[PDB]
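Below you'll find the structure, written out as structure tokens, and then a few comments.
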Amino acid sequence: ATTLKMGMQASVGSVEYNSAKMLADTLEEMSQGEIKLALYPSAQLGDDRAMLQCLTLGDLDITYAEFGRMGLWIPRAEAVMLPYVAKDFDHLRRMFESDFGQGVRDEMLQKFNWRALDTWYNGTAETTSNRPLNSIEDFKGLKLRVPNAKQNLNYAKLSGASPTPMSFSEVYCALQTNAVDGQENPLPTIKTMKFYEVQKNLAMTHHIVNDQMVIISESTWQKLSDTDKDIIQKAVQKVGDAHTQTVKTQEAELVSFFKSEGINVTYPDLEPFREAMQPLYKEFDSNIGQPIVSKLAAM
């Protein structure tokens, strides 16, 4: 038999974990038990940077990474996680599949032994607050908690809010006492962190569209037979379709859940937000020296 090892930061019960278990079941079935998958959840083998390194060394076979997460290693890949560049997951897939994406993936493979097999939708970030955000104009004066992450601050700063750095474990409290007026994160995190208990409004700002790439060790890849390569590729794409639909379904259920909790859900016009990001887009392209963001946004 062939037993592959898959590591992930996501804990048990998450969509990312449930899809990996589905992947495990699909590989076993399609190969009649010749290919097995062992799962190491909850970052038990280290964080994403550590697990990606083990793939480079061939000590771990598969892990998750966001397309934009490649920016730590390949600066231009950060373009895809700049706020408002990707309108939705389909748009993000075109970026992944484009010549730009193909260029990024070739570099991932050549330098780091990372073979990106697929991209799976993993949610879109939204904005909660203690007062309704009906338009961009309402961000003025908003004490907005963002993580210590470049692109989240830029969303906050260029939106007209007042970015208010703060460690993630303190946020529930800061929201309760209005020390901070709001925060931004994907819908599953808002539920998991119980942020809906201390925020009366949710704005569907759709400011960051997330994915998860499924990455295989090239050392592992090159030892597999041609047929086993085909089984893995087809299993990953099949599970990916299911994962994307699950996340989409879960997103609709979560807004309905929060609304059923009394949350006021707003849908501000997003074009003024996209326009407001052009300073960031121009700085990124000027600093990097190529018109990447403009091409991606129209792709």
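Reading the sequence shown from the start, the letters are residues 111 to 409 in our numbering.
Where is the CB? At the ideal position from N, CA and C, for every residue including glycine.
Would you call residue i buried or exposed, if buried means 16 or more other Cβ atoms sit within 10 Å of its Cβ?
i           : result
residue 231 : buried
residue 134 : buried
residue 223 : buried
residue 452 : In the structure as shown, the chain begins at 111 and stops at 409. Residue 452 is therefore absent and cannot be evaluated.
residue 62  : Nothing can be reported for residue 62, as the shown portion of the chain is limited to 111 through 409.
residue 151 : buried
residue 269 : buried
residue 261 : buried
residue 366 : exposed
residue 396 : exposed
residue 248 : buried
residue 264 : buried
Would you mind giving the Cβ-Cβ distance between residue i and residue j, rounded to the nearest angstrom? I have them listed as a contact below 8 Å.
i           : j           : result
residue 352 : residue 129 : 7 Å
residue 253 : residue 279 : With 8 Å as the limit, residue 253 and residue 279 do not qualify as a contact, their Cβ atoms being about 18 Å apart.
residue 322 : residue 126 : 6 Å
residue 325 : residue 225 : 7 Å
residue 233 : residue 320 : 5 Å
residue 236 : residue 315 : 6 Å
residue 306 : residue 373 : 6 Å
residue 330 : residue 171 : 5 Å
residue 391 : residue 375 : The pair is not a contact, with the Cβ atoms about 28 Å apart (cut-off 8 Å).
Could you pull the start and end residues of the alpha helix (DSSP H) that residue i belongs to?
i           : result
residue 130 : 125-140
residue 301 : 297-302
residue 403 : 402-407
residue 390 : 388-398
residue 267 : 260-269
residue 282 : 281-286
Return the first residue and the last residue of the beta strand (DSSP E) that residue i is part of.
i           : result
residue 253 : 253-255
residue 208 : Taken as a continuous stretch (DSSP letters only), residue 208 belongs to no beta strand (DSSP E), as it is neither H nor E.
residue 374 : 374-376
residue 150 : 145-150
residue 114 : 112-117
List in chain order: all unbroken alpha helix (DSSP H) runs of 4+ residues lying wholly within the stretch 155-192. Counting only runs of 4 or more, we get 158-167.
Kindly confirm or deny that the stretch 310-326 and the stretch 232-250 touch, where touching means at least three C-beta pairs closer than 8 Å. In short, these stretches touch, since the Cβ pair count reaches three.
Could you name each continuous alpha helix (DSSP H) segment of 4 residues or more that falls completely within the stretch 315-358, going from the start of the chain to the end? Correct list: 328-333.
Measuring CB atoms only, is the stretch 157-167 touching the stretch 191-206, in the sense that at least three cross pairs come out at less than 8 Å? When C-beta atoms of the stretch 157-167 are compared with those of the stretch 191-206, fewer than three pairs fall below 8 Å, so the two segments do not count as touching.
Just checking, does the stretch 115-126 make contact with the stretch 145-162 on the three C-beta pairs under 8 Å criterion? The stretch 115-126 makes contact with the stretch 145-162, as at least three CB pairs between them are under 8 Å.
The stretch 254-265 contacting the stretch 283-298, beta-carbon criterion three pairs below 8 Å: Contact between the stretch 254-265 and the stretch 283-298 is present, because at least three Cβ pairs lie under 8 Å.
Unbroken beta strand (DSSP E) runs of length 3 or more, entirely within the stretch 196-252: which are they? Counting whole runs of 3 or more residues, the stretch 196-252 contains the beta strand (DSSP E) stretches 224-239.
Tell me, please, whether the stretch 209-229 touches the stretch 170-185 by the rule of three or more beta-carbon pairs shorter than 8 Å. Three or more Cβ pairs drawn from the stretch 209-229 and the stretch 170-185 lie within less than 8 Å of each other, which places the two stretches in contact.
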